[PDB]
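These values consider heavy atoms only, across backbone and side chains, with no hydrogens, waters or symmetry-generated copies. Each ligand, and each atom within it, is numbered from 1 in the order the structure gives. Throughout, residue positions are numbered sequentially from 1 according to the sequence presented.
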Amino acid sequence: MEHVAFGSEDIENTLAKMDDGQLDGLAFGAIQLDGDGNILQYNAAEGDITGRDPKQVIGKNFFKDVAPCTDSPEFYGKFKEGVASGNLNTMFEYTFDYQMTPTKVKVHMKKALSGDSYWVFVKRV
Ligand SMILES: *C(=O)/C=C\c1ccc(O)cc1
């Protein structure tokens with residue numbers, strides 16, 4: 001298993017060296033989005049939590065198609081502000097409840113070391 005802890009201060013650096021294969025070895029959910037909320041990466045742990053198949057949601061827009069419970073001021077609003085500002089680093093609990101059993105998770109959104117990409121990290125609480 002890849003050894004990186006959820007909430008690590010230098011996680012964006014560690015994950016920059018990871019392909020889809022290594023991202024799947026994380027102990028927590030990991031989603032990479034572009035500026036518009038499109039899914040570039042989606043790991044196995046994220047799939048075990050959300051139920052959806054990794055390979056089928058890549059390409060999809062996270063806020064419009066895949067995950068609406070997130071289209072609101074407390075998740076999407078925070079993400080859109082971060083994108084426009086060029087800086088993003090926030091952590092909060094939330095509840096995923098679309099087409100699945102209501103699940104409490106802890107989310108960490110952070111701008112990737114890369115240009116126009118952003119990370120969404122999920123774990124159970
Ligand atoms: C609330 O809906 C949050 C996240 C989420 C992620 C994946 C799927 O499939 C549903 C919901």
Side-chain angles (χ1 to χ4, degrees):
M1 174 166 88
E2 271 299 315
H3 50 290
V4 61
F6 179 101
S8 281
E9 37 178 285
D10 298 306
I11 191 178
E12 71 270 22
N13 284 55
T14 310
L15 301 192
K17 82 192 174 191
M18 284 180 229
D19 50 301
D20 76 300
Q22 284 185 64
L23 214 67
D24 282 341
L26 291 189
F28 53 79
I31 308 167
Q32 200 184 196
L33 302 306
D34 63 11
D36 290 308
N38 297 306
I39 305 180
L40 311 177
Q41 292 191 304
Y42 205 106
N43 81 344
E46 191 45 30
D48 284 348
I49 300 172
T50 68
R52 282 51 158 186
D53 184 302
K55 298 303 180 186
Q56 297 192 39
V57 296
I58 286 177
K60 302 280 185 53
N61 187 282
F62 186 65
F63 304 97
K64 179 183 182 181
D65 320 300
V66 186
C69 99
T70 79
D71 185 351
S72 69
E74 303 186 65
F75 203 123
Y76 181 30
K78 289 174 189 165
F79 175 85
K80 76 117 180 180
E81 275 184 283
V83 174
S85 302
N87 179 73
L88 177 64
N89 189 2
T90 186
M91 198 185 291
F92 48 102
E93 299 186 332
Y94 202 77
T95 282
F96 290 18
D97 59 355
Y98 180 69
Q99 296 186 163
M100 58 179 276
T101 295
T103 307
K104 236 181 284 181
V105 296
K106 179 169 184 176
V107 154
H108 183 203
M109 290 196 302
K110 193 168 188 178
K111 181 193 171 63
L113 208 163
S114 183
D116 257 296
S117 56
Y118 306 73
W119 292 104
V120 166
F121 305 123
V122 172
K123 94 176 187 178
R124 205 165 183 183
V125 287

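Counting atoms of ligand 1 from 1 in the listed order, those under 4.0 Å from a heavy atom of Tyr42 are 7 (C). Residue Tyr98 has at least one heavy-atom neighbour below 4.0 Å for each of these atoms of ligand 1: 2 (O), 10 (C). With ligand atoms numbered from 1 in the order given, ligand 1 contributes 8 (C), 9 (O), 10 (C) to contacts under 4.0 Å with heavy atoms of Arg52. Atom numbering of ligand 1 starts at 1 in the shown order; those under 4.0 Å from a heavy atom of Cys69 are 1 (C), 2 (O), 3 (C). Numbered from 1 in the order shown, with element, the atoms of ligand 1 that lie under 4.0 Å from a heavy atom of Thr70 read 1 (C), 3 (C), 4 (C).
Within 6.0 Å of NZ in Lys78 there are more than 12 heavy atoms belonging to other residues, nucleotides or ligands.
Considering backbone and side-chain atoms alike, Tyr94 places every N or O at 3.5 Å or more from each N or O of ligand 1.
The residue from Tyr98, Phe63, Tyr76, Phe62 that alone fulfils the side-chain contact (heavy atoms from CB on, under 4.5 Å) condition with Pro68 is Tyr98.
The single protein non-hydrogen atom nearest to atom 11 (C) of ligand 1 is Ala67 CB, 3.8 Å, given as residue, atom name and distance.
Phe92 places none of its side-chain heavy atoms less than 4.5 Å from the side chain of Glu74.
Side-chain atoms of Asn61 and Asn38 form a donor-acceptor pair, as typed in the model, at a separation below 3.5 Å.
Contact check on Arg124 versus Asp48 returns no salt bridge, with no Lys/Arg side-chain nitrogen under 4.0 Å from an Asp/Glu carboxylate oxygen.
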Task: Derivation of the side chain to side chain contact (heavy atoms under 4.5 Å, CB included) call for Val83 and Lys111 - done: CA-CA 8 Å; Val83 174; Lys111 181 193 171 63; over 6 Å; no
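Of the heavy atoms in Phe63, none comes closer than 4.0 Å to ligand 1.
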